[PDB]
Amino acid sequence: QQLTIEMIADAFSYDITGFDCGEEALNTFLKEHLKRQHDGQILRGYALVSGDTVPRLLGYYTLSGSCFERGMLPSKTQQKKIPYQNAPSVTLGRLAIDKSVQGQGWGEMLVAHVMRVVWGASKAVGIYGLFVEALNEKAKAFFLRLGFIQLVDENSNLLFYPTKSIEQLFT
């Protein structure tokens, strides 16, 4: 499957009929809100797409600028380096892969693409890392295996991947 990742095109001429990641909220979001919030500067959207005449959308993700409370950091050493109430961040608002193509590493590949975008962004604007709220335990284990660190307590869904680690990816 020769799939490619792109920012969602202005025309949004994707074939999304039948898209189902197995979580209805993210299926509905793709259909109703992705493009409008992208054009409204609430998020920016990226799509994993096929090479058909009308490219089919097989996955997508969204990024928004954010910040989060310094106290959520597990390392009190890192906390002492943040001289303000909040640490700056980018939030992975949503990530979803279509059922037809799950379990092959496409989810992993989208996260790698996220990392490169956030890395580029971190050079121009202060971004201490990538923040994500795991939607459920299945998603949480997914992010933990990719190396995300746990914020707050051991049963919180708030995870974080530091820019310091992102830059190590692209040396």
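A residue's number is simply how far along the shown sequence it sits, counting from 1.
Tell me which stretch has the larger mean Cα B-factor in this entry, 65-73 or 35-43. Taking the mean C-alpha B-factor of 65-73 and of 35-43, the larger value falls to 65-73.
Would you tell me which stretch averages the higher CA B-factor in the PDB entry, 100-108 or 114-122? Mean B over CA atoms: larger for 100-108.
What third of the chain, by the recorded C-alpha B-factor, contains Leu169? Middle third - that is where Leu169 ends up once the chain's C-alpha B-factors are sorted.
Could you place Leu135 in the lowest, middle or highest third of its chain by Cα temperature factor, using the values in the record? CA B-factor rank for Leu135: highest third.
Going by the entry, which third of its chain does the Cα temperature factor of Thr163 land in? Lowest third - that is where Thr163 ends up once the chain's C-alpha B-factors are sorted.
Splitting the chain's C-alpha B-factors into thirds, which one does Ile127 fall into? Tercile = lowest for this residue's CA B-factor.
Lowest, middle or highest third: which one holds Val54 when the chain's residues are ordered by CA B-factor from the entry? Highest third.
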